[PDB]
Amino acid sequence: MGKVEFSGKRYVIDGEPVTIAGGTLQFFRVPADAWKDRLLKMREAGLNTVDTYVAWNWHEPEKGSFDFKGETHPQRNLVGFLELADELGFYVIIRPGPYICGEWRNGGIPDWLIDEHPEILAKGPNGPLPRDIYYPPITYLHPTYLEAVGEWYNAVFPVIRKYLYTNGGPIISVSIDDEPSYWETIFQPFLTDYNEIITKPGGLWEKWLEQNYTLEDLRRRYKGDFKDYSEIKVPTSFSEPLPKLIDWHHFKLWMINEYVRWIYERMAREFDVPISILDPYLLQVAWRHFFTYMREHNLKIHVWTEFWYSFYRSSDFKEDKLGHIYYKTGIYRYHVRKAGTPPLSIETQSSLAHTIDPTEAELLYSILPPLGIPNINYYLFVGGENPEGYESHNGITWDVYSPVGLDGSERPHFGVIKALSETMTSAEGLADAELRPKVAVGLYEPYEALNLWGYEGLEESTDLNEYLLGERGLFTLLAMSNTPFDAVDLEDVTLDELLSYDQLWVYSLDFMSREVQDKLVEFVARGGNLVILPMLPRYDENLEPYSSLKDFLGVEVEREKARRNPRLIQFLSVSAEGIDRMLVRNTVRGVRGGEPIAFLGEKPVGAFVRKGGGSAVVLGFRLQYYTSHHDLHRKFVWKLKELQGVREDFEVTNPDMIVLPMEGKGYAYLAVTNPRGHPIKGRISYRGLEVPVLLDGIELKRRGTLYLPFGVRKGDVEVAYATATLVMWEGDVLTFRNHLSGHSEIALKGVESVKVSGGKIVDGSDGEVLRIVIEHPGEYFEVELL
């Protein structure tokens, strides 16, 4: 019967592509007598999909007693919820754990398991962890754990199976665990896991060492005199060799990988819909290890992501967050496009901030499609409450500003979700259209680890949160400079992939593998344009001296140590052509050789070198997002792009108008956004076409986003452009939305006349085109083709 398939960027249900617009309704945390009303409110919001966990400890409250029908509590009626969601026309994404996070007791793991079998608990290097901590960590690969999970799955899997879309029910995907990260302990490298199955002679650590390295390799890599693998003790402090620390991290990722494989093999045998997972490891760059392991073991897993930015404070989704969002969507889509599964955000923050400003929510949600993710689930969409004994992180409450309250109230971001869902499910060709940046950023996994840890040994700081990702990060600068970027894994990426970009930015610390340094050399030599900062690498992956990149480039970068104490971090000024005293923070390194292009006083601190038809810019400083009237940071980006020949497909008159062109075959949708949120006006050019023509500019009165059609066609009729979002085109009626100003300009080919409702034509022109300006007193208006 029913079919759930996938192609390109979408799931395909019974042979029709569908864009997922989902809300999370955790049935087990919402009164059963309210489920139907709340699903009707999701219908009203334009959602086609419902996401829910299934919690082990909820449905098996005592060992051996399973309740999926509401026999012991009406909120244990999984069966009834799945039947109701189906009757009401929803797809279901189901997430049966065992771990479900969810701010729920033990993340779904039963106390009766942990209390009876404390030997499964993960341990610290000096003994047990405390027991009153949230989500008690567990040693994944302990057989007693796995056996118990298997018994959970044996109960719940037959219910899932019966209700799969392929069997006449609603369920379209089953997810593995929940963002498995060692129970949110991977961030702290010596908190976990020292369980004896790991650390004993012949234990998992020793076996993993033996599978990955020769003993001699480890003697050289860790600078040790080992006579047997059993002599290489688990690390317990930052005084141990950095290579060994990196290995300990990757060992943990390996154990998570084995756990995920174990679950996958059970799910794959039982279910013929897509098997999914959310944010493996709670890392991003380290996904390289996940996708490689999937390929190695033929695991057909659909990896999904999430976007969370504010917890237990008001929302804070403004221009500051763009760097991080661009980075995360970038590295996500790099891997998922190569796996061939649809990009999807299974958790898109809609709760857990105390007050969610609708314009900030709009910015977050609406930037996901141009950044490659058109399939979006809002979490938590339906507010709830925690049954007694199942509280964890919020006490009784599970309604922290959800779009629909526990009482059925509608909060302001409900209407944001509704408007964007209508567009995403209805606008022809939008989901399939793709941003195609001219620029890439090169990410390097080991640095993610170091940032996670706050590692301090090196010449350069590991505060990549500050210099790359955050409110002043380089990535935020690139976004706000109107420089869209792909993100690539520097170890995995091919030369041909790199050379597909006009400019590659690489942030370097002291060390960089031989394989990556040599690759960058080849990139440049073959015509690539590099920007590298704030130093060149001096060491390889083993911390042994190695500098092929630097030697090829023919410059020299002074040695200087970056500072960590905020009071001691310098405030310095760098000048360049057309750039008088641009602020830079922290230690600045002289760059000798090549053509000097930036200066700290009379000292060169950035240089340009050409090699064949390629080039490199080497900066001895951290370039960050700062803005002002003078706006030198943005200007410097633009000067580097001009130096290396980078030309975007679009131009703007107002630098605060951020444009992301979503290109399809013969058409595009330009996402046009105002992240700063102050009123802005300007013109845009796309591939040489300047818009608007009759209006003085596109006006965006506040923070928000438009998806402007360029070349969207049906038959012989084309929307050459519009300054309003084309929400849908049904028969001969075009529905447009412009919630950011009171007028819109539309340019049409192939039609002689129109009738407008919800507004008045106040201006127009041509033979070439039917151009009209419509004043509309609301957000929505319709143009009927005659």
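Just count from 1 along the sequence shown to find any residue number.
S.K.: Comparing 669 to 677 with 486 to 494, which has the greater mean CA B-factor as deposited?
M.R.: The recorded data point to 486 to 494.
S.K.: Per the PDB record, is the mean Cα temperature factor higher over 638 to 646 or over 349 to 357?
M.R.: Comparing 349 to 357 with 638 to 646, the higher average CA B-factor belongs to 638 to 646.
S.K.: Maximum C-alpha temperature factor per the entry, among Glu179, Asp580, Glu362, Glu265, belongs to which one?
M.R.: Comparing C-alpha B-factors across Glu179, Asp580, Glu362, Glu265, the maximum falls on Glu265.
S.K.: At the C-alpha atoms, which of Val12, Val762, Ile20, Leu25 reaches the highest B-factor in this entry?
M.R.: Answer, based on the entry's C-alpha B-factors: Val762.
S.K.: Check where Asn57 lands among this chain's C-alpha B-factors and tell me if it's the lowest, middle or highest third.
M.R.: Middle third of the chain for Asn57's C-alpha B-factor.
S.K.: Sorting the chain's modelled residues by C-alpha B-factor, tell me whether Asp67 ends up in the lowest, middle or highest third.
M.R.: CA B-factor rank for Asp67: highest third.
S.K.: Considering every modelled residue of the chain and its Cα B-factor in the PDB entry, is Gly203 in the lowest, middle or highest third?
M.R.: Highest third.
S.K.: Compared with the other modelled residues in the chain, in which third is the CA B-factor of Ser753?
M.R.: Highest third.
S.K.: What third of the chain does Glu44 rank in for C-alpha temperature factor, lowest, middle or highest?
M.R.: Middle third by C-alpha B-factor.
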